[PDB]
Amino acid sequence: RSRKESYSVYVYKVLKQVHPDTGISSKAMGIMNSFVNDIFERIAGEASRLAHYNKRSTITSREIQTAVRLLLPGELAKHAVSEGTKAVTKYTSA
Amino acid sequence: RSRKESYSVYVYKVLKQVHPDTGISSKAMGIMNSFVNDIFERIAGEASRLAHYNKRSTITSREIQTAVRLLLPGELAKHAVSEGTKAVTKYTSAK
Amino acid sequence: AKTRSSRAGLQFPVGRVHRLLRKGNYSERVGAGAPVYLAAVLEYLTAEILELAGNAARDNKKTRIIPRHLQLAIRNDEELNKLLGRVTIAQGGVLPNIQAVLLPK
Amino acid sequence: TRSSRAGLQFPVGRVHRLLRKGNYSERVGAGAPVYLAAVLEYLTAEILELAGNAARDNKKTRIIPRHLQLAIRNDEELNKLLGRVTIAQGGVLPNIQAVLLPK
Amino acid sequence: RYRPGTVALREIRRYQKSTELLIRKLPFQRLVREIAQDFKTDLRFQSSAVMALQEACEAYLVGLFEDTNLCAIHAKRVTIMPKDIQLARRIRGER
Amino acid sequence: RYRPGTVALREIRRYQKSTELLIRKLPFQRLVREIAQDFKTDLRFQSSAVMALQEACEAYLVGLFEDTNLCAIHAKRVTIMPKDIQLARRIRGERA
Amino acid sequence: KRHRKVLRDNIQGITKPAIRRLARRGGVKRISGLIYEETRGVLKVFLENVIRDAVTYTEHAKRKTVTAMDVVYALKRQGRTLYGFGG
Amino acid sequence: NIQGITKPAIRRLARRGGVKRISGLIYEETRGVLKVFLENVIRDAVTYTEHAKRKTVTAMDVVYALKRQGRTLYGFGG
DNA sequence: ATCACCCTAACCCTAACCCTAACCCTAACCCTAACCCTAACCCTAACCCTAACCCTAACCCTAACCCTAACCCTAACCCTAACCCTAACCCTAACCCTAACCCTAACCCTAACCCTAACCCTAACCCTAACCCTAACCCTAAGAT
DNA sequence: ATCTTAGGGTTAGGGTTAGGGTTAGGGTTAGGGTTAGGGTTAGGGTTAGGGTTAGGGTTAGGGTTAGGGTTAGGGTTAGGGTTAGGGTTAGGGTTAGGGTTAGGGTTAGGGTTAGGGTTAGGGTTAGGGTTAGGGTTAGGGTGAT
Ligand SMILES: [Mn+2]
Ligand SMILES: [Mn+2]
Ligand SMILES: [Mn+2]
Ligand SMILES: [Mn+2]
């Protein structure tokens, strides 16, 4: 056999923080896994293009940030760009 | 300054083949350059995905093959798959 | 903290995302903060969805979120609907809407 | 030249370099740039053909973007392939709905 | 006996409010195997792949009905006609 | 004096069989620079970038008129109305 | 171990009641009689376009079995991205 | 400047689109729809300019924004 | 406008089946050390844009009229919804068996690594035809006798 | 149709700019050879998909009455179209300033490579809770009296 990757462990963790009584179906977890994978490649691909356009060999968090600003709306983008720079800042501290 | 790449040399050569008694404007050459670049990316990207889906680390002419089948129409796709395998075959003959 | 996710205050895997960015052919090199920023953007969006879905599950008297609750959450938001506009949630159904002209006199 | 070895006008060497530089995959096969330069050359020839013929019917020798648009939108396959594309300075195909025609 | 458009309105709410598939699994599985074999023979279909196709189809058709209905309402009607399906697909870029 | 819809049909043929831009370059360049100031101040525009924007706009609007007209004809009309532009954009996936 | 059976006319398997249900979910009150065939035509086109690419993926993968992923990749190509069957 | 896109300039674009009769309400609705289109394109074009650390919005930035919007433009160095 | 009956909705609990919380083991993430080429400075060339003048002249704009499209209502069939019953065939959980996928073992060559060499194509300059820009024409229907 | 009316396509002449034919040399592709691993071999497990039995009850097909949505008529109103002349404003025409973009030189450091280490998370088995499905429950609004 072969091992199969999944964001299920994290979708469960994040579900408990938000609704600690609320559970998730196997099909709904599949829909959540498809959502994470789609948005991962949407952002990664846009950042891959940004790095290319500006003759740069690397994808830094600056490429991720402008990719977010291009793909998601200001409100959702505004809060994701916030939540993002925050985690980056905290990572640089430790 | 900086060097600017272009498919103009080749669009001229190929134009000479179909219509030697015909020319091309600077704007129309830009439209042809945008066309080649778009289709280049379209095929290359689809082949990049095919290689990836099948856990392969190389884009071979087989990936270009199926990308063209997916991207181009049955007719245009039929003639592109033909001219493609043809040029590959001819290249294998001559070293 | 030993995991990169713990250093950043994230639930989403910073280490895994960094591996997928390299193993996905997006660029020659991947910055140190790019998987951290990305795992955070993905974690935010999943929390944002899970929130509205748990709310739709609680309205339907259910304990567990099924794909119907996910669809209801997506299409009832303006931004989630726009973001997932050309996406199809399997087993999601449609939002209940009957045009006013089709209503009885 | 690798293009001469394949009977092509399009640059086999350049296409091979753009495939590895463009971040499409770890490695690029020997025949992939050859097949690709050929598909690009074919499509260019297919367009140039119908565009030259459009200039032939408008008393011109040089192909302008109008001739390119006329060639694209008059074909069924070129129109479908370039369906979500806009040719700058191309204009539209002349078509007036039958209902808008005089009584 | 219910008036014309009373069971119709009950049906709309009954189905919009649910998620179950609206085409039977076997007639649809035959149609899938027919289309796919007519095109490439000796083919096998994963149980899931057929369901992925069925979900896609129904979701598409329901969305097509949505736009079609908006076209009937646009031309002061309540019943969907082929000229509405055609207009919806024309504007959708399916032609 | 021409009948209603005789100079209109002449205009359609005049413009369809033509490629020149139908919006004056300066009113358009002002609108572009105005809209840009809302996203970022101290902005410069390449001559070509403005033209790229103008071509894109007109090509879009002409295509939008095409679908709009088909909506007017669908509801037994000859004149385009806002409810036709709205129906075109809604089914195009720009509206709802 | 021998041979299969002939597959023919299965577009009629997408019955008039099955088409009615899809119209109801789409919020349709009155359904013309001509619709039932026009829908069958349009469904056939959709299925052809999706299965053609799905099978093109299967053939590239050197497989005889069209997987859920092939149908998923085919849908993303058609711009009808589907959530829930992997990917 | 939104009024600079005049009623006669809008009528020419309707003629190219094959339009015989043009309602009076149209001229305003078109102005609204053009403003939305321009906002969406320039917003992304400028987002590209800002990422490039530039003050001048290039033809390429407008091209990349159009490709993002699915309104791909041929001829401006794309 | 008052009653009768058909519907969803909602109670009951019994009902299976799916979720999740246990288990443990397998692999992917983490640490750490040399490792180099990208990207960071630095300055500064040379670009291209904006600012601000001019002269009409193509084009925008208000208001001159009536043409006919949109709109409404009314009334013409006739198309499509609603009801019923019959027997299919879809669904059901089984049954199997092998073709079809794929693990994982072994080895070869296909690809990438370096450089230096010819060789193609960019960036330039220049001229000259192709197309532009004007006038006066035939052709062609446009509107009304 | 047959009468005058517009106008836009038609030829022809002589203007202006840009295809595209030229130049040299920068930098790209190409052909030497070394080296490592990805993909091609053969294989066996082993899943999983196709087809086979088996039953029944949901769900479909097909003709019924007639209800009302579709589309026909003409007739009311005025919305946009045409024509026009007053006149704003866009369009080249052609100057210079200097912030902007960025070429290219130094220096550092961030991201890559490396294998042993270890934790998370993939797969697994398993009880009980949420959901499922079959029973009546009144309320509810539909649609004839
Ligand atoms: Mn009625
Ligand atoms: Mn008026
Ligand atoms: Mn480091
Ligand atoms: Mn697990």
Side-chain angles (χ1 to χ4, degrees), chain A residues 1-6 8-9 12 23-26 56-58 60, chain B residues 1-6 8-9 12 23-26 29 56-58, chain C residues 2-4 13-16 18-19 22 28-32 62-64, chain D residues 1-2 11-14 16-17 20 26-30 60-62 102, chain E residues 1-8 10 13-14 24-27 44-47 76-79, chain F residues 1-8 10 14 24-27 44-47 76-79, chain G residues 1 4 15-18 30-33 63-65, chain H residues 6-9 21-24 53-56:
Chain A
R1 265 204 91 173
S2 68
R3 309 294 256 261
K4 302 220 186 327
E5 295 240 294
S6 207
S8 317
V9 182
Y12 253 115
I24 191 182
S25 94
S26 185
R56 264 152 180 87
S57 237
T58 61
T60 68
Chain B
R1 263 222 275 185
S2 66
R3 199 170 264 253
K4 301 203 166 36
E5 294 244 295
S6 205
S8 317
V9 182
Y12 253 116
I24 191 179
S25 93
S26 182
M29 178 65 243
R56 282 189 77 261
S57 234
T58 320
Chain C
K2 228 172 298 267
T3 50
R4 303 198 259 171
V14 165
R16 173 182 286 203
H18 182 70
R19 160 205 130 207
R22 308 190 264 94
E28 210 182 88
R29 322 169 111 208
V30 174
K62 311 250 190 184
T63 287
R64 307 114 167 230
Chain D
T1 53
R2 304 199 258 171
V12 166
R14 172 180 288 191
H16 182 70
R17 181 248 316 183
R20 32 197 176 91
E26 210 241 277
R27 319 153 101 213
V28 175
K60 311 220 173 182
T61 61
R62 288 107 63 121
Chain E
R1 185 158 233 213
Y2 293 107
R3 304 182 65 192
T6 298
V7 189
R10 187 156 70 256
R13 311 197 192 107
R14 171 187 169 175
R24 281 82 57 256
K25 307 195 177 191
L26 188 65
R44 290 190 137 193
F45 270 110
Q46 280 198 326
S47 63
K76 319 96 55 194
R77 289 182 277 109
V78 170
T79 172
Chain F
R1 184 172 206 187
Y2 292 107
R3 305 181 65 185
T6 297
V7 188
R10 187 153 72 255
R14 170 188 170 175
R24 282 84 56 256
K25 307 194 179 191
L26 187 66
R44 288 195 215 274
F45 269 110
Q46 282 195 331
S47 337
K76 315 297 160 191
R77 288 183 277 109
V78 170
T79 172
Chain G
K1 59 127 178 311
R4 332 134 175 156
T15 54
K16 168 170 157 176
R30 213 156 190 103
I31 310 166
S32 178
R63 302 194 256 92
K64 266 208 177 290
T65 318
Chain H
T6 54
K7 163 246 176 66
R21 212 146 175 257
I22 311 166
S23 178
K53 279 157 177 185
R54 302 193 256 93
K55 271 219 175 282
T56 315

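In the text below, chain A, chain B and the rest are named by the order of the sequence lines, each starting its count at 1.
- Adjacent nucleotides I:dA63 and I:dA64 miss the stacking criterion of ring centres closer than 5.5 angstrom and planes inclined by less than 30 degrees.
- The distance between atom CZ of G:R4 and atom P of J:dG50, rounded to the nearest whole Å, is 12 Å.
- In this structure, F:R3 atom CZ and J:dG81 atom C1' are separated by 13 Å, rounded to whole Å.
- At a cut-off of 3.5 Å, with distance as the only test, a side-chain donor of G:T15 or E:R24 sits close to an acceptor on the other residue.
- A salt bridge does not link D:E26 with D:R20: none of the charged nitrogens is closer than 4.0 Å to a carboxylate oxygen.
- Atom-to-atom, CG of F:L26 to P of I:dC59 comes out at 15 Å; the value is rounded to the nearest Å.
- Side-chain N/O atoms of A:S2 and A:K4 include a donor and acceptor closer than 3.5 Å.
- Both distances falling under 3.5 Å, in either a Watson-Crick or a G-U wobble arrangement, place J:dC3 opposite I:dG143.
- The furanose ring of J:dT95 falls on the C3'-endo (north) side of the pseudorotation cycle, as its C1'-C2'-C3'-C4' torsion is above zero.
- Residue contacts for H:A9: at a heavy-atom cut-off of 4.0 Å it reaches no nucleic acid atom on any strand shown.
- The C1'-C2'-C3'-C4' torsion of I:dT92 is positive, so its sugar falls on the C3'-endo, or north, side.
- Sugar conformation, J:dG140: north. The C1'-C2'-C3'-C4' torsion carries a positive sign.
- Distance, H:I22 CD1 to I:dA70 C1': 17 Å, rounded to whole Å.
- Sugar pucker of J:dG73: north, as indicated by a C1'-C2'-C3'-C4' torsion of positive sign.
- If you check distances only, the side chain of F:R1 does reach the base of J:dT82 with a donor-acceptor pair under 3.5 Å.
- Residue-level contact check: B:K4 touches the backbone only, with heavy atoms under 4.0 Å from sugar-phosphate atoms and none from bases.
- Spacing between atom NZ of E:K25 and atom P of I:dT92 amounts to 7 Å, rounded to whole angstrom units.
- Nearest heavy-atom pair, D:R62 versus B:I24, reported as atom, atom and distance to 0.1 Å: CG-N, 3.8 Å.
- Between C:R19 and the phosphate of I:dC29, there is a side-chain N or O to OP1/OP2 separation shorter than 4.0 Å.
- Protein atom CZ of G:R30 is 7 Å distant from nucleotide atom P of J:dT70, rounded to whole Å.
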